[PDB]
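Participant: File upload_18.txt below, compact mmCIF, C-alpha atoms:
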```txt
# COMPACT_ATOMS: atom_id res chain seq x y z
CA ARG A 2 0.71 -69.51 -28.66
CA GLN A 3 2.35 -68.60 -31.71
CA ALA A 4 5.98 -68.13 -30.93
CA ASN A 5 6.54 -66.78 -34.47
CA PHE A 6 10.52 -67.33 -34.26
CA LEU A 7 12.37 -67.14 -37.71
CA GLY A 8 15.77 -67.62 -39.26
CA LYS A 9 16.93 -67.43 -42.91
CA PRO B 1 20.38 -53.31 -20.03
CA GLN B 2 19.86 -52.05 -23.54
CA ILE B 3 19.95 -54.85 -26.09
CA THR B 4 20.26 -53.77 -29.83
CA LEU B 5 18.79 -55.84 -32.65
CA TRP B 6 21.90 -56.09 -35.10
CA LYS B 7 22.33 -59.64 -33.71
CA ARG B 8 19.72 -62.15 -32.40
CA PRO B 9 18.96 -60.87 -28.80
CA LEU B 10 20.58 -63.96 -27.04
CA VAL B 11 21.07 -63.86 -23.34
CA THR B 12 21.89 -66.35 -20.61
CA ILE B 13 19.15 -67.83 -18.44
CA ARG B 14 19.36 -70.16 -15.47
CA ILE B 15 16.79 -72.89 -14.56
CA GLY B 16 17.64 -74.99 -11.57
CA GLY B 17 21.41 -74.37 -11.90
CA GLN B 18 21.16 -75.45 -15.58
CA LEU B 19 22.56 -72.50 -17.57
CA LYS B 20 21.41 -72.08 -21.26
CA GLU B 21 21.33 -69.44 -24.01
CA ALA B 22 17.87 -68.13 -24.95
CA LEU B 23 16.40 -65.59 -27.48
CA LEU B 24 14.53 -62.54 -26.07
CA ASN B 25 11.43 -63.01 -28.33
CA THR B 26 8.73 -60.24 -28.45
CA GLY B 27 7.05 -62.30 -31.32
CA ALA B 28 6.39 -65.23 -28.88
CA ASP B 29 3.38 -65.23 -26.48
CA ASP B 30 5.04 -68.14 -24.46
CA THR B 31 8.59 -69.23 -23.49
CA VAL B 32 9.72 -72.43 -25.07
CA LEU B 33 12.92 -74.32 -24.05
CA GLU B 34 14.59 -77.23 -25.94
CA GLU B 35 14.40 -80.47 -23.99
CA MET B 36 15.05 -80.27 -20.26
CA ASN B 37 13.57 -82.20 -17.31
CA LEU B 38 11.33 -80.02 -15.34
CA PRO B 39 9.51 -81.32 -12.23
CA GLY B 40 5.79 -81.05 -11.49
CA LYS B 41 2.61 -81.76 -13.43
CA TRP B 42 2.98 -81.11 -17.25
CA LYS B 43 0.12 -80.85 -19.74
CA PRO B 44 0.32 -81.38 -23.59
CA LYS B 45 -0.12 -78.23 -25.65
CA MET B 46 0.31 -77.33 -29.36
CA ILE B 47 2.06 -74.04 -30.40
CA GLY B 48 2.51 -72.72 -33.93
CA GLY B 49 4.68 -70.42 -35.89
CA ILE B 50 6.03 -70.14 -39.43
CA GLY B 51 5.88 -73.74 -40.91
CA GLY B 52 3.28 -75.16 -38.49
CA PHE B 53 2.91 -76.65 -34.98
CA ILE B 54 4.98 -78.48 -32.46
CA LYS B 55 3.88 -80.58 -29.51
CA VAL B 56 5.34 -79.33 -26.25
CA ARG B 57 4.76 -79.93 -22.56
CA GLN B 58 3.51 -77.01 -20.48
CA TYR B 59 5.08 -76.58 -16.98
CA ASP B 60 3.57 -74.04 -14.67
CA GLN B 61 5.26 -71.78 -11.91
CA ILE B 62 8.84 -72.54 -13.05
CA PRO B 63 11.60 -70.17 -11.81
CA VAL B 64 13.64 -68.65 -14.55
CA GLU B 65 16.68 -66.30 -13.86
CA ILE B 66 17.08 -63.97 -16.96
CA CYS B 67 20.13 -61.55 -16.60
CA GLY B 68 19.84 -61.07 -12.72
CA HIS B 69 16.01 -60.81 -12.87
CA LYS B 70 13.88 -63.45 -11.03
CA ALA B 71 11.25 -64.79 -13.42
CA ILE B 72 8.50 -67.13 -12.48
CA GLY B 73 5.79 -68.43 -14.80
CA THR B 74 4.71 -70.85 -17.45
CA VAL B 75 7.55 -72.60 -19.41
CA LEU B 76 6.89 -74.84 -22.47
CA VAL B 77 9.31 -77.66 -23.25
CA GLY B 78 9.66 -79.18 -26.76
CA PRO B 79 11.69 -79.57 -30.00
CA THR B 80 12.40 -75.89 -30.60
CA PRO B 81 15.66 -75.19 -32.68
CA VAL B 82 16.54 -72.37 -30.23
CA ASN B 83 15.55 -71.57 -26.66
CA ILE B 84 12.84 -68.82 -26.53
CA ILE B 85 11.94 -66.29 -23.81
CA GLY B 86 8.39 -65.14 -24.51
CA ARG B 87 6.17 -62.21 -23.50
CA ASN B 88 4.86 -64.09 -20.36
CA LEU B 89 8.41 -63.91 -18.74
CA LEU B 90 9.49 -60.73 -20.75
CA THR B 91 6.71 -58.65 -19.00
CA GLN B 92 7.90 -59.86 -15.54
CA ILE B 93 11.53 -58.67 -16.00
CA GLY B 94 10.17 -55.18 -16.98
CA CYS B 95 11.06 -55.51 -20.72
CA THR B 96 9.89 -53.00 -23.41
CA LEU B 97 10.62 -52.21 -27.15
CA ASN B 98 11.72 -48.61 -27.62
CA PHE B 99 12.07 -46.60 -30.63
CA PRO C 1 7.50 -44.88 -28.56
CA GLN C 2 7.73 -47.33 -25.69
CA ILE C 3 5.75 -50.62 -26.22
CA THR C 4 5.04 -53.02 -23.33
CA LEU C 5 4.58 -56.65 -23.78
CA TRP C 6 1.33 -57.41 -21.76
CA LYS C 7 -0.41 -57.56 -25.12
CA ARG C 8 1.21 -58.65 -28.46
CA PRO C 9 3.29 -55.69 -29.95
CA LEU C 10 1.06 -55.05 -33.07
CA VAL C 11 1.48 -51.66 -34.84
CA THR C 12 0.20 -50.11 -37.99
CA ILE C 13 2.63 -50.18 -40.95
CA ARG C 14 2.32 -48.56 -44.37
CA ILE C 15 3.73 -50.47 -47.32
CA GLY C 16 2.87 -49.55 -50.91
CA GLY C 17 0.20 -47.00 -49.84
CA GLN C 18 -1.52 -49.84 -47.89
CA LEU C 19 -1.98 -49.94 -44.12
CA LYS C 20 -1.49 -53.24 -42.28
CA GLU C 21 -1.28 -54.55 -38.64
CA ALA C 22 2.15 -56.09 -38.08
CA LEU C 23 3.91 -57.62 -35.04
CA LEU C 24 7.35 -56.23 -33.85
CA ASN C 25 9.24 -59.56 -33.61
CA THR C 26 12.78 -59.40 -32.08
CA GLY C 27 12.94 -63.32 -32.48
CA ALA C 28 12.65 -62.93 -36.33
CA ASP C 29 15.87 -62.13 -38.42
CA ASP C 30 13.60 -61.11 -41.33
CA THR C 31 10.34 -59.32 -42.11
CA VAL C 32 7.54 -61.62 -43.51
CA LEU C 33 4.09 -60.37 -44.55
CA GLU C 34 1.07 -62.33 -45.39
CA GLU C 35 0.28 -62.89 -48.98
CA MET C 36 0.20 -59.72 -51.03
CA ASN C 37 1.62 -58.29 -54.31
CA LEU C 38 4.41 -55.76 -54.21
CA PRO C 39 6.65 -53.84 -56.89
CA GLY C 40 9.53 -56.03 -58.22
CA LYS C 41 11.43 -58.71 -59.22
CA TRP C 42 11.57 -61.29 -56.57
CA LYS C 43 13.80 -64.26 -55.78
CA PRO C 44 12.19 -67.28 -54.20
CA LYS C 45 13.68 -68.14 -50.82
CA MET C 46 12.95 -70.66 -48.04
CA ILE C 47 12.97 -69.61 -44.36
CA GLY C 48 12.26 -71.70 -41.21
CA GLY C 49 10.40 -71.20 -37.86
CA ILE C 50 9.17 -73.21 -34.80
CA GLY C 51 7.18 -75.42 -37.19
CA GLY C 52 9.74 -75.77 -39.96
CA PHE C 53 10.69 -74.63 -43.56
CA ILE C 54 8.26 -72.44 -45.76
CA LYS C 55 8.57 -70.91 -49.27
CA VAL C 56 8.30 -67.09 -49.49
CA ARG C 57 8.82 -64.44 -52.24
CA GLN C 58 11.72 -62.05 -51.53
CA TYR C 59 11.42 -58.37 -52.45
CA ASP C 60 14.56 -56.20 -51.95
CA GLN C 61 14.82 -52.47 -51.06
CA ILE C 62 11.03 -51.91 -50.22
CA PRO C 63 9.91 -48.82 -48.24
CA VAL C 64 7.93 -49.55 -45.12
CA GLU C 65 6.80 -47.00 -42.55
CA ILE C 66 6.55 -48.37 -39.01
CA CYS C 67 4.65 -46.16 -36.54
CA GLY C 68 5.82 -43.34 -38.87
CA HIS C 69 9.54 -44.28 -38.63
CA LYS C 70 10.87 -44.80 -42.13
CA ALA C 71 12.59 -48.05 -43.22
CA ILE C 72 13.78 -49.45 -46.67
CA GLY C 73 14.98 -53.06 -46.90
CA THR C 74 14.10 -56.66 -47.63
CA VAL C 75 10.56 -57.92 -47.27
CA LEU C 76 9.56 -61.57 -47.70
CA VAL C 77 5.89 -62.48 -48.52
CA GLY C 78 4.44 -65.84 -47.67
CA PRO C 79 2.24 -68.16 -45.43
CA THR C 80 2.96 -66.41 -42.13
CA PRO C 81 0.20 -66.60 -39.39
CA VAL C 82 0.64 -62.80 -38.94
CA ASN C 83 2.46 -59.85 -40.49
CA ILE C 84 5.95 -59.79 -38.82
CA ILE C 85 8.50 -56.92 -38.69
CA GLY C 86 11.89 -58.66 -38.13
CA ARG C 87 15.28 -57.32 -36.95
CA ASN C 88 16.42 -56.16 -40.49
CA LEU C 89 13.67 -53.36 -40.35
CA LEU C 90 13.64 -52.99 -36.54
CA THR C 91 17.28 -51.86 -36.51
CA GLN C 92 16.67 -49.20 -39.25
CA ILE C 93 14.00 -47.42 -37.06
CA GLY C 94 16.38 -47.70 -34.08
CA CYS C 95 14.25 -50.11 -32.10
CA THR C 96 15.84 -51.65 -28.96
CA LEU C 97 14.90 -53.97 -26.17
CA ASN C 98 15.18 -52.48 -22.68
CA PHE C 99 14.68 -53.56 -19.18
```
Mind converting the file's structure to structure tokens?
Facilitator:
Amino acid sequence: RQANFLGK
Amino acid sequence: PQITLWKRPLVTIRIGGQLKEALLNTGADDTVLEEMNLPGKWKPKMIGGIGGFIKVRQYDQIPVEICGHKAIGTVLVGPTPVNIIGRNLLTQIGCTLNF
Amino acid sequence: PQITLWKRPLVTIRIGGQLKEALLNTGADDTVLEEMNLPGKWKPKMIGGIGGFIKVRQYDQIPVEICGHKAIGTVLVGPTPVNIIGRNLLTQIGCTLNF
């Protein structure tokens, strides 16, 4: 698990 | 359904008549939900992304209703900014990326 | 093409004559590649993930070929665990999520 989520 | 990527792919899921908004996340191997009380045995796990790792609790064989589709698998619970539906549940609802 | 999610959705991309393995990430707003140099001026930005808030270098208007589909947009470079194609480039190559 790497739930690579990203905002910005 | 066909979900476009102009906006974050947010859909409504249901876990034990608790209805939340979660991101359809092809970049996540696992599904991670912000704090909720799930029943059953839960084991500590570490998961990373951009920025580092968070400690979460892993709950097995947890029913998740994603847009009319009955999902059942591993659900991780921890301090995630947004609720995430990962590849483990995504594969079960018959989800693909098409271009 | 149609890409299933039993395995991570890694594809070959071409950026600046170089070929790389990148992950099609519908849970990422932006495209982030692992450390590399690229043509430009760049503005430093901060972005956040499951772990938190990293520093990246932002390149604007960069051509990237994804599975031969042509895109041109923003590309951030930083300490990402894996090369990630986010929604800004996924929309340009007409990528959707279906089930």
Participant: Do a neighbour search on residue 7 (chain A) at 8 Å with all atoms listed in the file, toss out local chain neighbours closer than 3 positions, and write the hits as a PyMOL selection string.
Facilitator: (chain B and resi 50) or (chain C and resi 27-30+47-50)
Participant: I'm after chain C in the frame of chain B: fit it by least squares over all Cα atoms matched in order, and give me the output as a PDB file with C-alpha atoms, in the frame of the given file.
Facilitator:
```pdb
ATOM      1  CA  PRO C   1      20.182 -53.494 -19.755  1.00  0.00           C
ATOM      2  CA  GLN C   2      19.737 -52.150 -23.260  1.00  0.00           C
ATOM      3  CA  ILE C   3      20.041 -54.816 -26.057  1.00  0.00           C
ATOM      4  CA  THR C   4      20.449 -53.832 -29.729  1.00  0.00           C
ATOM      5  CA  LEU C   5      19.299 -55.936 -32.528  1.00  0.00           C
ATOM      6  CA  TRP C   6      22.376 -56.021 -34.924  1.00  0.00           C
ATOM      7  CA  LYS C   7      22.996 -59.506 -33.579  1.00  0.00           C
ATOM      8  CA  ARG C   8      20.285 -61.956 -32.308  1.00  0.00           C
ATOM      9  CA  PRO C   9      19.248 -61.003 -28.658  1.00  0.00           C
ATOM     10  CA  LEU C  10      20.674 -64.166 -26.904  1.00  0.00           C
ATOM     11  CA  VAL C  11      21.200 -63.955 -23.099  1.00  0.00           C
ATOM     12  CA  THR C  12      22.143 -66.352 -20.392  1.00  0.00           C
ATOM     13  CA  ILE C  13      19.219 -67.720 -18.329  1.00  0.00           C
ATOM     14  CA  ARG C  14      19.266 -69.892 -15.216  1.00  0.00           C
ATOM     15  CA  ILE C  15      16.514 -72.469 -14.866  1.00  0.00           C
ATOM     16  CA  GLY C  16      16.724 -75.309 -12.344  1.00  0.00           C
ATOM     17  CA  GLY C  17      20.363 -74.494 -11.412  1.00  0.00           C
ATOM     18  CA  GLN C  18      21.248 -74.876 -15.140  1.00  0.00           C
ATOM     19  CA  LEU C  19      22.573 -72.101 -17.370  1.00  0.00           C
ATOM     20  CA  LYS C  20      21.299 -71.832 -20.951  1.00  0.00           C
ATOM     21  CA  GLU C  21      21.519 -69.394 -23.953  1.00  0.00           C
ATOM     22  CA  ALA C  22      18.026 -68.153 -24.793  1.00  0.00           C
ATOM     23  CA  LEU C  23      16.639 -65.633 -27.324  1.00  0.00           C
ATOM     24  CA  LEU C  24      14.461 -62.633 -26.125  1.00  0.00           C
ATOM     25  CA  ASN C  25      11.533 -63.064 -28.566  1.00  0.00           C
ATOM     26  CA  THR C  26       8.864 -60.276 -28.530  1.00  0.00           C
ATOM     27  CA  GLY C  27       7.064 -62.202 -31.463  1.00  0.00           C
ATOM     28  CA  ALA C  28       6.496 -65.235 -29.111  1.00  0.00           C
ATOM     29  CA  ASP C  29       3.442 -65.202 -26.650  1.00  0.00           C
ATOM     30  CA  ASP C  30       5.109 -68.052 -24.711  1.00  0.00           C
ATOM     31  CA  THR C  31       8.496 -69.289 -23.513  1.00  0.00           C
ATOM     32  CA  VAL C  32       9.695 -72.575 -25.203  1.00  0.00           C
ATOM     33  CA  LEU C  33      12.969 -74.331 -24.342  1.00  0.00           C
ATOM     34  CA  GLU C  34      14.640 -77.117 -26.107  1.00  0.00           C
ATOM     35  CA  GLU C  35      14.201 -80.559 -24.772  1.00  0.00           C
ATOM     36  CA  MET C  36      15.009 -80.878 -21.097  1.00  0.00           C
ATOM     37  CA  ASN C  37      13.490 -82.288 -17.853  1.00  0.00           C
ATOM     38  CA  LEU C  38      12.060 -79.947 -15.270  1.00  0.00           C
ATOM     39  CA  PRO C  39      10.166 -80.322 -11.783  1.00  0.00           C
ATOM     40  CA  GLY C  40       6.418 -81.102 -12.236  1.00  0.00           C
ATOM     41  CA  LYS C  41       3.424 -82.242 -13.472  1.00  0.00           C
ATOM     42  CA  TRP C  42       2.950 -81.167 -16.982  1.00  0.00           C
ATOM     43  CA  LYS C  43       0.005 -80.861 -19.359  1.00  0.00           C
ATOM     44  CA  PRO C  44       0.627 -81.569 -23.009  1.00  0.00           C
ATOM     45  CA  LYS C  45      -0.168 -78.605 -25.237  1.00  0.00           C
ATOM     46  CA  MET C  46       0.182 -77.768 -28.950  1.00  0.00           C
ATOM     47  CA  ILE C  47       1.517 -74.370 -30.097  1.00  0.00           C
ATOM     48  CA  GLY C  48       2.115 -73.045 -33.659  1.00  0.00           C
ATOM     49  CA  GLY C  49       4.806 -70.941 -35.465  1.00  0.00           C
ATOM     50  CA  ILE C  50       5.871 -69.874 -39.021  1.00  0.00           C
ATOM     51  CA  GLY C  51       6.139 -73.570 -39.930  1.00  0.00           C
ATOM     52  CA  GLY C  52       3.038 -74.850 -38.171  1.00  0.00           C
ATOM     53  CA  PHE C  53       1.738 -76.839 -35.087  1.00  0.00           C
ATOM     54  CA  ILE C  54       4.190 -78.689 -32.617  1.00  0.00           C
ATOM     55  CA  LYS C  55       3.632 -80.710 -29.398  1.00  0.00           C
ATOM     56  CA  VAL C  56       5.331 -79.369 -26.231  1.00  0.00           C
ATOM     57  CA  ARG C  57       5.225 -80.215 -22.473  1.00  0.00           C
ATOM     58  CA  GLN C  58       3.798 -77.400 -20.312  1.00  0.00           C
ATOM     59  CA  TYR C  59       5.290 -76.691 -16.885  1.00  0.00           C
ATOM     60  CA  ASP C  60       3.510 -74.036 -14.739  1.00  0.00           C
ATOM     61  CA  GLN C  61       4.989 -71.622 -12.139  1.00  0.00           C
ATOM     62  CA  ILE C  62       8.767 -72.314 -12.933  1.00  0.00           C
ATOM     63  CA  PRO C  63      11.485 -69.886 -11.735  1.00  0.00           C
ATOM     64  CA  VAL C  64      13.735 -68.542 -14.440  1.00  0.00           C
ATOM     65  CA  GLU C  65      16.398 -65.877 -14.004  1.00  0.00           C
ATOM     66  CA  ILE C  66      16.975 -63.738 -17.097  1.00  0.00           C
ATOM     67  CA  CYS C  67      20.157 -61.624 -17.044  1.00  0.00           C
ATOM     68  CA  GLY C  68      19.652 -61.787 -13.240  1.00  0.00           C
ATOM     69  CA  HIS C  69      16.060 -60.423 -13.358  1.00  0.00           C
ATOM     70  CA  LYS C  70      13.790 -62.880 -11.596  1.00  0.00           C
ATOM     71  CA  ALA C  71      10.705 -64.412 -13.284  1.00  0.00           C
ATOM     72  CA  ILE C  72       8.222 -67.264 -12.294  1.00  0.00           C
ATOM     73  CA  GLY C  73       5.672 -68.482 -14.850  1.00  0.00           C
ATOM     74  CA  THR C  74       4.832 -70.975 -17.561  1.00  0.00           C
ATOM     75  CA  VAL C  75       7.545 -72.722 -19.520  1.00  0.00           C
ATOM     76  CA  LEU C  76       6.868 -75.048 -22.459  1.00  0.00           C
ATOM     77  CA  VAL C  77       9.534 -77.644 -23.518  1.00  0.00           C
ATOM     78  CA  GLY C  78       9.694 -79.013 -27.013  1.00  0.00           C
ATOM     79  CA  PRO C  79      11.282 -79.144 -30.577  1.00  0.00           C
ATOM     80  CA  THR C  80      12.182 -75.455 -30.802  1.00  0.00           C
ATOM     81  CA  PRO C  81      15.238 -74.513 -33.024  1.00  0.00           C
ATOM     82  CA  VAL C  82      16.473 -72.345 -30.091  1.00  0.00           C
ATOM     83  CA  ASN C  83      15.646 -71.554 -26.470  1.00  0.00           C
ATOM     84  CA  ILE C  84      13.017 -68.718 -26.603  1.00  0.00           C
ATOM     85  CA  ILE C  85      11.941 -66.309 -23.810  1.00  0.00           C
ATOM     86  CA  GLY C  86       8.404 -65.171 -24.820  1.00  0.00           C
ATOM     87  CA  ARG C  87       6.247 -62.222 -23.667  1.00  0.00           C
ATOM     88  CA  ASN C  88       4.802 -64.074 -20.559  1.00  0.00           C
ATOM     89  CA  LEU C  89       8.374 -63.929 -18.935  1.00  0.00           C
ATOM     90  CA  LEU C  90       9.517 -60.739 -20.715  1.00  0.00           C
ATOM     91  CA  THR C  91       6.764 -58.693 -19.054  1.00  0.00           C
ATOM     92  CA  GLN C  92       7.661 -60.004 -15.528  1.00  0.00           C
ATOM     93  CA  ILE C  93      11.279 -58.623 -15.832  1.00  0.00           C
ATOM     94  CA  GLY C  94       9.828 -55.355 -17.186  1.00  0.00           C
ATOM     95  CA  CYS C  95      11.253 -55.702 -20.666  1.00  0.00           C
ATOM     96  CA  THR C  96      10.038 -53.178 -23.295  1.00  0.00           C
ATOM     97  CA  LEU C  97      10.655 -52.337 -26.895  1.00  0.00           C
ATOM     98  CA  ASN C  98      11.888 -48.793 -27.527  1.00  0.00           C
ATOM     99  CA  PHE C  99      12.790 -46.668 -30.415  1.00  0.00           C
TER     100      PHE C  99
END
```
Participant: With a distance cut-off of 8 Å and only C-alpha atoms, select the neighbouring residues of residue 46 (chain B), excluding the residue or stretch itself and same-chain residues fewer than 4 positions from it, and output the selection as a ChimeraX atom specification.
Facilitator: /A:2 /B:53-56
Participant: For CA of residue 12 (chain B) and CA of residue 8 (chain A), quote the distance in Å rounded to one decimal.
Facilitator: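 Distance between the two atoms: 19.7 Å.
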Participant: Find the residues with any atom within 10 Å of (1.1, -67.4, -19.3); use only C-alpha atoms and the coordinates as given in the file, and write the answer as a list in words.
Facilitator: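 Returned residue set, sorted by chain then number, is residues 2 of chain A; 29, 30, 31, 58, 60, 61, 73, 74, 75, 76, 86, 87, 88 and 89 of chain B.
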Participant: Between B:52, B:9, B:17, B:83, which is the closest to chain C once you count all atoms listed in the file?
Facilitator: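 Closest residue, counting all atoms listed in the file: B:52.
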Participant: CA of residue 66 (chain C) to CA of residue 93 (chain B): how many Å, to one decimal?
Facilitator: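 Interatomic distance here is 25.7 Å.
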Participant: List as a ChimeraX atom specification the protein and nucleic acid residues near residue 11 (chain B), meaning an atom at most 7 Å away when all atoms listed in the file are counted, but skip any in the same chain fewer than 5 places from it.
Facilitator: /B:21-23
Participant: Quick one: distance from CA of residue 32 (chain B) to CA of residue 84 (chain B) in Å, one decimal?
Facilitator: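 Computed distance, CA of residue 32 (chain B) to CA of residue 84 (chain B), equals 5.0 Å.
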Participant: Report as a tab-separated table: every residue of chain B with an atom at most 6 Å from chain C, its closest pair of atoms, and their distance in Å to one decimal, counting only C-alpha atoms, with rows sorted by chain and ascending residue number.
Facilitator:
```
residue	atom	partner	partner_atom	distance
B:1	CA	C:99	CA	5.8
B:2	CA	C:98	CA	4.8
B:3	CA	C:97	CA	5.1
B:4	CA	C:96	CA	5.0
B:5	CA	C:87	CA	5.7
B:25	CA	C:27	CA	4.4
B:26	CA	C:25	CA	5.2
B:27	CA	C:25	CA	4.2
B:49	CA	C:50	CA	5.4
B:50	CA	C:49	CA	4.8
B:51	CA	C:51	CA	4.3
B:52	CA	C:51	CA	4.1
B:53	CA	C:51	CA	5.0
B:80	CA	C:50	CA	5.9
B:87	CA	C:5	CA	5.8
B:91	CA	C:5	CA	5.6
B:94	CA	C:99	CA	5.3
B:95	CA	C:99	CA	4.4
B:96	CA	C:4	CA	4.9
B:97	CA	C:97	CA	4.7
B:98	CA	C:2	CA	4.6
B:99	CA	C:95	CA	4.4
```
